[PDB]
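**Student:** give me a 3D structure for the following:
(one chain, ligands or ions: 2)
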Amino acid sequence: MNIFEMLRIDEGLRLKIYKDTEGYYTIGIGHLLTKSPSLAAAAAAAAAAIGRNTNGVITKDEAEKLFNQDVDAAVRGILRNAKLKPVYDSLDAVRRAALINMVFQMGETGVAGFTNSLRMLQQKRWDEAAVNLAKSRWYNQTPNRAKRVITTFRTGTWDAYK
Ligand SMILES: [Cl-]
Ligand SMILES: [Cl-]
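**Tutor:** Residues are numbered from 1 along each chain as shown. Ligands and ions are numbered 1, 2, ... in the order given. You can find the structure just below:
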């Protein structure tokens, strides 16, 4: 299993604009287009992202391309962030995927706000960090996905995705 496979299970693939779990316009593999309510502002963002008039639908190829860019951006955001980098540096390969996953979904700023849990991951106190991440809006809003990420951090294995 790897970060790409992990995120492809968590996000799914939609080739037509859709709405995320919170209502935002998304397309592809979890690619947020815009937070605005306007389908049109979203169609515009989509065209800008794809380089073509898209009339709201993209190919699998275009979706994968956006996905590749977003994972790369997820990783570079983490390495550039003063709060995240040291957490990342400290983790094994599996748990690193888990943190990239969180950054992909909530952005660097958001993950950066899990100060107490980050501190416990850094200390390798898995069970406590898992308990702490569970009292978050994140956990309460997308519980199944969050349980998967949380178990990956607790255990260090891909079990939850198998
Ligand atoms: Cl983009
Ligand atoms: Cl969920």
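**Student:** so who does residue 28 touch?
**Tutor:** Shown in contact with residue 28 (CB atoms under 8 Å, 6 or more residues apart in numbering): 13, 14, 15, 58, 62, 63, 64, 66, 67. To be clear about C-beta, it is placed using only N, CA and C from the backbone, and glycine gets the same treatment.
**Student:** next, count neighbours for the second one.
**Tutor:** So that's residue 14. 18 (other CB atoms under 10 Å).
**Student:** among the contacts of residue 28, which are in strands?
**Tutor:** Counting by DSSP state E, those place 14, 15 in strands.
**Student:** and the contacts of residue 28, which are buried?
**Tutor:** Buried subset of the contacts of residue 28 (neighbour count, 16 or more other CB atoms under 10 Å): 14, 58, 62, 63, 64, 66, 67.
**Student:** stretch 9-29 near ligand 2 anywhere?
**Tutor:** No: using CB under 5 Å from the ion, stretch 9-29 stays clear of ligand 2, with a minimum separation of 7.3 Å.
**Student:** before we move on, back to that, for ligand 2, state which of the buried ones among the contacts of residue 28 is nearest.
**Tutor:** Ligand 2 has its nearest neighbour among the buried ones among the contacts of residue 28 in residue 14, at 15.7 Å by CB to the ion.
**Student:** wait, the closest one touches residue 30, no?
**Tutor:** No: judged on CB atoms under 8 Å, residue 14 makes no contact with residue 30 at a distance of 9.0 Å.
**Student:** common neighbours of those two, please.
**Tutor:** With contacts taken as CB under 8 Å, 6+ apart, residue 14 and residue 30 have no neighbour in common.
**Student:** leaving out chain neighbours, which residue sits closest to residue 63?
**Tutor:** Using CB to CB, 6 or more residues apart in numbering and skipping the chain neighbours, the partner closest in space to residue 63 is residue 28 (3.8 Å).
**Student:** would you turn the buried ones among the contacts of residue 28 into TSV with distance to residue 124?
**Tutor:** Shown next, in TSV, are the buried ones among the contacts of residue 28 (distance: CB to CB, whole Å):
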residue	distance to residue 124
14	37
58	41
62	40
63	36
64	35
66	34
67	31
